[PDB]
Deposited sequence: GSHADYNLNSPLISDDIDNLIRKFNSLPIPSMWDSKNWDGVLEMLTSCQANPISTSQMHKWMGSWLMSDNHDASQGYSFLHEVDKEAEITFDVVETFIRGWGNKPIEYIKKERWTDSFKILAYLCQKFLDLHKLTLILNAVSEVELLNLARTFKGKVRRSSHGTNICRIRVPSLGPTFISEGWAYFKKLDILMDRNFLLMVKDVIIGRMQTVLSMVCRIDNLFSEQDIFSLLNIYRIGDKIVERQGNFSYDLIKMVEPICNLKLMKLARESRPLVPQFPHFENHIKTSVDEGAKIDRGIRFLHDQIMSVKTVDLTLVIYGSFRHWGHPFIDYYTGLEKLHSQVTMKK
């Protein structure tokens, strides 16, 4: 379903002027407006000022089972990025738990989930339930009837916004996994860091421009397609230039850089990529800064 600001807007308006309103009151909430929520996400996605112990443990259990799998393979035939990945894994675990709680179909499943994830449930005035749970990357969280309020961040999310954020984290994990789950050893850690650096540059655009960032983030697709054409012409030098598509990119980025210089950085980083293969990884990550309110 479409990502809209309307429901969050309407609830915040009602609050500072049903069972969820009661929940916000109890927390002494002061939710930031929807026009600030993407800015928060930009600042948060690759943040590392939180507990990631479970993320480390996760990434250690997985990489030890993967190294058993690869052990089976070679039986037949015959670190720096690890930290950044641990924090992504922590955020995934946190968002996954919150989603399960948020999507509890009944009171009985809600209670089981709350027990499992060390959450507490209490009754609202309208026969509804409020579940409170602490997660390392987001702080104390209060969930009721499709809503999640983050007391430490003063952020109110509806189901869709929370899902949008989880899709970004899953996406970035997937891209990193894709670069390591190879049988041809195609990518180096340097290549992984090239991708992480691109994430970082784009996140700063989101942090600074908020919902308006996506006008610039959308340019990753045509920048990458131009880069693919330039790479192609490196190997087959007699393929004709396409001055109009190239000039469209140039003017698009030139104008966008007046809004946020980050899109110049993104353009230039993509243009510095040495292979079709890494360029396609970046291309395939074009949704990995999320989606705007529409």
- What ranges of the deposited sequence are left out of this structure? 1-9, 27-38, 100-114, 331-347
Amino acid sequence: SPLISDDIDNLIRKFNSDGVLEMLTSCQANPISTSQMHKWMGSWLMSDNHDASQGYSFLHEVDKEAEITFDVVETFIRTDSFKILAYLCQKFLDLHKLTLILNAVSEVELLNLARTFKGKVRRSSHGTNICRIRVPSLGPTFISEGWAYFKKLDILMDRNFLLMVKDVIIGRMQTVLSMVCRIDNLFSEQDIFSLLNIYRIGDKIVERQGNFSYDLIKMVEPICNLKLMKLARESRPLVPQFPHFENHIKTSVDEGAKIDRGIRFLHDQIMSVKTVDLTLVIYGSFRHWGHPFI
From here on, numbers count along this sequence of modelled residues.
- Between 79-87 and 194-202, the record assigns the higher mean Cα B factor to 79-87
- Note on the structure: Entry B factor averaged over C-alpha atoms, 239-247 against 48-56: higher for 239-247
- Item | Selection by C-alpha B-factor (highest) of 165, 153, 157, 181 | 181
- Message: Highest recorded C-alpha temperature factor, please, choosing from 215, 94, 74, 207.
- Response: 74
- Note on the structure: Of the three thirds of the chain ranked by Cα temperature factor, residue 65 occupies the highest
- Going by the recorded CA B-factors, say which third of the chain residue 222 sits in, lowest, middle or highest. lowest
- Query: Relative to the other modelled residues in the chain, which third contains the C-alpha temperature factor of residue 269: lowest, middle or highest?
  - Reply: lowest
- Split the chain's modelled residues into thirds by Cα B-factor; is residue 285 in the lowest, middle or highest one? lowest
- Position of residue 131 among the chain's modelled residues by C-alpha B-factor, lowest, middle or highest third: middle
